[PDB]
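Trainee:
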Amino acid sequence: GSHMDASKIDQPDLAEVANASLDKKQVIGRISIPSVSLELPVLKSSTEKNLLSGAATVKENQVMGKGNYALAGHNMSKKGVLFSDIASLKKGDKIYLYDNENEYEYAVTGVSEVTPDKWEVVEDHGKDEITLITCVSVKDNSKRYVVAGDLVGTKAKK
Amino acid sequence: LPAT
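Here the protein sequences line up with chains A and B, keeping their order.
Taking the deposited numbering as reference, the numbering of the first sequence is continuous, increasing by one, and the terminal residue is 210.
Taking the deposited numbering as reference, the numbering of the second sequence is continuous, increasing by one, and the terminal residue is 705.
1) Go through its chain and collect everything with a Cβ distance to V79(A)'s Cβ below 7 angstroms, but skip five positions before and after it.
2) What residues of chain D sit near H126(A), judged by a beta carbon separation below 8 angstroms?
3) Over what stretch of residues does the alpha helix (DSSP H) that includes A67(A) continue unbroken?
4) What whole-angstrom Cβ distance do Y150(A) and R82(A) have, given they're in contact under 8 angstroms?
5) Is any beta-carbon of chain B found at less than 8 angstroms from that of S98(A)?
6) Is it true that the CB of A107(A) sits closer than 8 angstroms to the CB of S164(A)?
7) Using the DSSP secondary-structure output, state which residues sit across from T161(A) in a beta bridge.
8) Roughly how many angstroms separate the alpha carbons of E172(A) and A122(A), rounded to a whole number?
9) Note down, in chain order, all residues in the stretch 102–129 of chain A with a beta-carbon under 8 angstroms from any beta-carbon belonging to chain B.
10) Please name the residue, chosen from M56(A), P64(A), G162(A), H55(A), that lies closest to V190(A) on a Cα-to-Cα basis.
11) Write down the C-beta distance between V204(A) and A159(A) rounded to the nearest angstrom, noting that I regard them as a contact closer than 8 angstroms.
12) Suppose the cutoff is 7 angstroms on Cβ atoms and the five residues either side in sequence are ignored; what does the same chain contact list for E100(A) look like?
13) Would you report the Cα separation of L74(A) and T109(A), rounded to the nearest angstrom?
14) Give me the residue from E91(A), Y148(A), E112(A) with the minimum Cα distance to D137(A).
15) Can you give me, in chain order, the residues of the stretch 58–72 of chain A that have a beta carbon less than 7 angstroms from any beta carbon in chain B?
16) Count the other CB atoms, across all protein chains shown, that sit within 10 Å of the CB of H126(A); report buried if there are 16 or more and exposed otherwise.
17) What are the start and end residues of each continuous beta strand (DSSP E) run of 3 or more residues lying completely inside the stretch 123–196 of chain A, in chain order?
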């Protein structure tokens, strides 16, 4: 309302994405979605550079496999860009999270329209959930949708 | 509610 969040920053070109000093040693997990053939490493740091990898932790106190986990990805609305095919997710769509020790199975429940200042979606609700932040477009700054998914099971990597 |  009175104060607008600075989370509306434009994600630099794809050149910085493939030329950026990738911090692999900083990766704490990975995300995979066969339905939309999307795969990206999870970056612990919620910096602008980290957001170029397509996935970065929103809250520092997030615990994979427990509570409401959330990641933000930069989408320019151009096929081939990060989080662009995320909006193609359908209800009940399976999503897998890979922690350095295990893998958690999540099921997409749907999508909704929320503002970029809505930190509530990322707040812990005493339940195991996942929240992905995807921007509608680089031209649409009115509102952005957020995809939500619930935990359906857990399976360790043997 | 960070970037994106």
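The C-beta atom is built at its ideal place from N, Cα and C for all residues, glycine as well.
Mentor: Well, looking at it:
1) Taking the first sequence and counting its residues from 1, the one referred to as residue 79(A) is at position 27. Result list for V79(A): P93, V94, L95, in chain order.
2) This model lacks chain D altogether, as its protein chains are A and B.
3) Locating residue 67(A) in the first sequence gives position 15, where the first residue counts as 1. Note, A67(A): alpha helix (DSSP H), 66–71.
4) The count along the first sequence starts at 1 and reaches residue 150(A) at position 98. The count along the first sequence starts at 1 and reaches residue 82(A) at position 30. About 4 angstroms; that satisfies the 8 angstroms criterion.
5) If you number the first sequence from 1, residue 98(A) lands on position 46. It does; some Cβ of chain B falls within 8 angstroms.
6) Working through the first sequence from its first residue, we reach residue 164(A) at position 112. Working through the first sequence from its first residue, we reach residue 107(A) at position 55. Not a contact, by the Cβ cut-off of 8 angstroms.
7) Walking along the first sequence from the start, residue 161(A) turns up at place 109. According to DSSP, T161(A) bridges with nothing at all.
8) Residue 172(A) sits at position 120 when you count from the first residue of the first sequence. Residue 122(A) sits at position 70 when you count from the first residue of the first sequence. Cα-Cα distance, rounded: 11 angstroms.
9) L103, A108, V110, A124, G125, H126, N127
10) Taking the first residue of the first sequence as position 1, residue 190(A) is located at position 138. Residue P64(A) is the option with its Cα nearest to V190(A).
11) For this step, residue 204(A) is matched to residue 152 along the first sequence. For this step, residue 159(A) is matched to residue 107 along the first sequence. Confirmed, Cβ separation roughly 4 angstroms.
12) By one-based count along the first sequence, residue 100(A) stands at place 48. So the list reads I61, once near-sequence residues are dropped.
13) The count along the first sequence starts at 1 and reaches residue 74(A) at position 22. The count along the first sequence starts at 1 and reaches residue 109(A) at position 57. If I take the Cα positions, the gap works out to 16 angstroms.
14) Translated into the one-based positions of the first sequence, residue 137(A) becomes position 85. Nearest C-alpha to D137(A): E91(A).
15) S59, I61
16) Reading the first sequence from its first residue, position 74 is the one you call residue 126(A). Buried, since its Cβ has 16 or more Cβ neighbours within 10 Å.
17) 146–151, 154–166, 181–185
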